[PDB]
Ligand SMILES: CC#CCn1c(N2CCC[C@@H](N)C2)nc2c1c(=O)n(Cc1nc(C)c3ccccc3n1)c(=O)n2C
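Heads up, the chain below is alone and in the form solved without the named molecule; it's given as structure tokens.
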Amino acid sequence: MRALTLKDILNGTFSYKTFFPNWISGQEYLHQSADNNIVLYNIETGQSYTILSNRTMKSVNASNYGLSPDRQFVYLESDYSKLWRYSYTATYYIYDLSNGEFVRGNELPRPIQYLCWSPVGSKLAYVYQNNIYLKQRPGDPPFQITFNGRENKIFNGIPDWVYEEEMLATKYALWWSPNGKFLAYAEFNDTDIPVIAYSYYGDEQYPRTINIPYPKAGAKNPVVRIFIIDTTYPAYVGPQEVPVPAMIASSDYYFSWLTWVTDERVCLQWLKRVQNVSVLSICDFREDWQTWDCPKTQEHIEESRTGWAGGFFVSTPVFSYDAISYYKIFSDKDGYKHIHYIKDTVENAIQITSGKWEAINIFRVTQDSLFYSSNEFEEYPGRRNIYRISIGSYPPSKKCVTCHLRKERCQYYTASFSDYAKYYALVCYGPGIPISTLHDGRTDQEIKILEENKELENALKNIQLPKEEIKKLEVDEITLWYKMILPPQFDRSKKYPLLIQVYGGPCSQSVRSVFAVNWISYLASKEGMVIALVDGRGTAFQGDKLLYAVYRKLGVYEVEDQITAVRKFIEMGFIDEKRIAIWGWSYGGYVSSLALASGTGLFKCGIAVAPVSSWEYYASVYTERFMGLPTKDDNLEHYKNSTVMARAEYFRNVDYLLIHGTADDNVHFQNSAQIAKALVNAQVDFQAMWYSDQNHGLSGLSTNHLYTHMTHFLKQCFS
């Protein structure tokens, strides 16, 4: 009865609710009621008990909580204060469940940067002022583990900037051994890496400088040391450095992830600074020296002949119940990424998945089953169904649990498992209204709808949503998957303006069977624009040829493939060849810009939000992974060839609107500053917009402002 309105989108009127059980055992989870009460629901009995009242929570206005594995204590986390994507500080009030009171001995210090329970019992490890601390018991005086922490120079047990956003994707870098015997932790040195400096205008009379150690392409990188201390004899034995494989130590390198096996066995993944080689390292504990031994025989190489080791990140092993063998997804001989099963050497791995489709994530490995997500089903690469396979004996049996569960509503699934995988939740994201459901571990049968989104279902019932369709184009030897969003009563005999939404980042996939009533949904609903999104070269989950196509040649095929798609769309007949725009954020901004400046005639305008503008300016770990090194005898020539600044002249005849946040710690305002300056030097008009103090996300009312500004631009561009 009525079209989406921009305020529907910016108020989240039609957001959906998800449900990920905060497991505490094989059969129990800790949700938070509408009453704000924190309830423990036992799945087997069906009984619900409330552990942690709204009141107790409110008394320290905690925004969050954490049960100790022994249920004796629960920490309440408050004064939440954000930093980067994942990191944040908080104050922590720990609470004694048995005595129903807060714990009084030696209060924890304020701003704590990370804190977690041990995996069993109720030991604490925390990070305060860049050092790791240990508590045997909630109310004890802390034991200092590291002493050399220093505000962005040296980090213990939390990453620095580059490792947070680009390697770990995690706010922490310490891992308890399975039963708490040991803590393993990373030490990052940022001391002589260059610094990104920018202004934050804040609220005072004087702006301040913000400085983050931030290794730009080719710049000097952080150095890592991984240590493990005995958690019961930390002073007696002291921290022991995990030995680094010779073929990793021989040049710059990275730690990529750590995975515990047993308490006496740890798996370390390294990545050579030239990131086409990954090493997996399995170390065992010696008792005679109380130290770690990593034998050559337990070093596993993973190479990429024609690209980079991994997908976006290296795959991590998930180990068998036996705690010797492991499973890992990587490229097979055909260039498709599949699950392999590894006992002794990696040269001997047995491939247990295969086909022109990819194993995307291994969720769980039990005694008999392995649960994983994949795009196999009906061979749409942008779907996620979750599958199980038998692991006891060759040929694995295969069951797609999700495929036909709700065939039409749900073709994009993630999974979350309870302990021992006694039960798991399935979360379907689309194409229909998302749904979270509870499933039996042994049988796969659903035992509870968790979140059905009845409100949304019903709120959407008066709203004439745009029609999404996902399809494919074969052009050369290259196939292009595309989502097309279309206005209600899309009369094909008429010519609609087209908007291309681009991202195109290496390892991305932007064409997905996901549900989202969003901005580009609204532009079709009310504004009469056709919207399209195109996955081509460098996009993932279709094998290595397509993935690694853009290696060292960034911002070439991405541009090419978008233009191709657009050409093919205008040729479909229903697209106003005179009203095509393109808009893109981050990597999207790069390609939005390179596309619009391609001397193609196709695009009449384009928008670039927080674009990279030259790989010189972006972080090493990301850039070098795809671009290699900006040296003269590596890849400097394409580093210089691939800026948007060089396209300076080709803006003269298109509307450009260029947007950026002045406090982007990830894609630096520098990027758009250089673009703007280049347009100025080439004497080219454009529209621009800064967001003071705002960062890469463009949060709060920025977002509001952002979309209102782009909407205006866009409505202008389509007269």
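All residue numbers refer to positions in the sequence shown, first residue = 1. Between two forms, the rigid core is the largest collection of C-alphas that superpose within 1.5 Å.
Below: the form deposited with the named molecule bound, not depicted.
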**OP:** Give a yes or no on whether every one of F312, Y503 and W585 sits within 4.5 angstroms of the named molecule in the deposited bound form by heavy atom.
**Re:** yes
Subject >> Position in contact with the named molecule when the complex is considered in the deposited bound form, options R85, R537, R579, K483, heavy atoms within 4.5 Å >> reply: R85
**OP:** Taking 4.5 Å between heavy atoms as the contact cutoff, choose which of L523, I607, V612, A359 touches the named molecule in the deposited bound form.
**Re:** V612
Original post:
So in the deposited bound form, does any heavy atom of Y622 sit within 4.5 Å of the named molecule?
Top reply: yes
Subject >> Touches the named molecule in the deposited bound form: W292 (any heavy atom, 4.5 Å) >> reply: no
Original post:
Counting only non-hydrogen atoms and a 4.5 angstroms cut-off, does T662 reach the named molecule in the deposited bound form?
Top reply: no
Subject >> Contact label in the deposited bound form: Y707 to the named molecule, heavy atom within 4.5 Å >> reply: yes
Subject >> Proximity to the named molecule in the deposited bound form (heavy atom, within 4.5 Å), stretch among 666 to 674, 61 to 69, 651 to 659, 23 to 31 >> reply: 666 to 674
Original post:
Of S393, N458, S98, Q205, which one's CA moves 2 Å or more between this form and the one not shown, core aligned?
Top reply: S393
